[PDB]
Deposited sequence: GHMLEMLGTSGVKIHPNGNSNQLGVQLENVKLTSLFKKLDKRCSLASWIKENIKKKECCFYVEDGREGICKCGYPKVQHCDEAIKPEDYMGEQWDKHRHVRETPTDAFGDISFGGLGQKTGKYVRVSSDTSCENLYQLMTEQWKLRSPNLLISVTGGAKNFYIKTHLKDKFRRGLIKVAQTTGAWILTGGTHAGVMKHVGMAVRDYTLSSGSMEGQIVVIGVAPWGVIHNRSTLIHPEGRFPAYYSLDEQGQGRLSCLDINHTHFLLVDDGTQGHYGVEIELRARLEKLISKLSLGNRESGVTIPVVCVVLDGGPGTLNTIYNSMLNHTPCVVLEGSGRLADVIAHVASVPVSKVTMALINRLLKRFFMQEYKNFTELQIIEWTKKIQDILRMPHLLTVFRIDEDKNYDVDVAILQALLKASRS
């Protein structure tokens, strides 16, 4: 067919997979599989398949991929709100299938820059001065460069802050979220897709689950066959950045690639690993001083002479900026995060701190450009 919605539906149903558990095995609680889904939500083939008798459940051997059942346009029911786009995608979706989906089905215009935003997953408050600087800077760089903005895509934490900044052009804001923790996702499921799905945001009732962010434009809902686990989407989100990073769409096919910049607000020790890996991939990182938690820990050690970044100083900073969480940190963790922080500091050409100075008065766009220039050299 020639309809834009039906050619997309056909391509997605033919090429994109979901993952489903094929081996129901309980994990200390009756009626819930190790994959996290109830028994009644399993296919009958998952019940005592003779292929897997006596085996320990294993997410890399006992989940299988089948055509995906959740895709199309998503409406958050606002007034005069343009629908977004979404697809439930297997965690093992190939880079080529992700590229084709994004550029030939979603019709995304290729960008001159990828802005990958990371950091705190739980809601945090940002002071107004810094919030405005982040918004203006983010919008100014994305408009001038045609940039894609990439986040975790759910309605909380730094993801929420990105969505609110972009709230208002056609700014592309891609959310890469774990399908297994999306509250109210039942309305997105249909074999033929939904045009649109009517997604409701009952933040009352998610429990420990998350809602999709209403101000993102595109959603990859990453599915490894499990539910209840956060972190499912981390590997694909890195693969996606690396994908665009290699896209080789810089001018012509000589030797120029799409630059990536990572912007960090707030953040927990999970963000620490995400930052370190990005830098190892030569992605410059911009931390916003004053945005709390990990970003403030890093902002501080970035200011002092390097020989003064001691274990005691970093411990001091963890107590100061992780007020609710520090009591939960183990000695082994503090050791690990401390050396990762010092390793991060060994790559100063890839680390930039945005700090407010009202006698200079710059938005974060300047710090993003300085990041790109310092990395490029």
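Unmodelled regions of the deposited chain sequence (numbering from residue 1, in sequence order): 1-37, 206-214, 424.
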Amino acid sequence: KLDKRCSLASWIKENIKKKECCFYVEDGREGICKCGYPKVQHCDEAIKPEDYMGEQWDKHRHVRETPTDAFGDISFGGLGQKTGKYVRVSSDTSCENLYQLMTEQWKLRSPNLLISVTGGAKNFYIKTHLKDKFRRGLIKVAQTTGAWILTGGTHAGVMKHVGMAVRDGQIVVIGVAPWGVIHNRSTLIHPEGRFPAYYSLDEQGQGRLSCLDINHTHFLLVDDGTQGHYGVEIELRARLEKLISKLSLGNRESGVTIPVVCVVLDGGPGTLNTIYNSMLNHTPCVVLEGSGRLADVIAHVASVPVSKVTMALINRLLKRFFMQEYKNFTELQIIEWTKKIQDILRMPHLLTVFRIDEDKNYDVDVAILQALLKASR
From here on, numbers count along this sequence of modelled residues.
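Averaged over CA atoms, B-factors in the entry run higher in 198-206 than in the other of 107-115 and 198-206. Mean C-alpha B-factor is higher over 43-51 than over the other stretch, the pair under comparison being 43-51 and 337-345. Each of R167, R293, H300, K133 has a CA temperature factor in the record; the biggest one is found at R167. Taking only the listed residues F354, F23, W11, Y362, the entry reports the highest CA temperature factor at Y362. Compared with the other modelled residues of the chain, the Cα B-factor recorded for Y86 ranks in the middle third. Looking at the C-alpha B-factors along this chain, the one for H155 belongs to the lowest third. Sort the modelled residues of the chain by CA B factor and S254 lands in the highest third. In this PDB entry, the Cα temperature factor of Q324 sits in the top third of its chain's modelled residues, the highest group.
When the modelled residues of the chain are ordered by C-alpha B-factor, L332 sits in the highest third.
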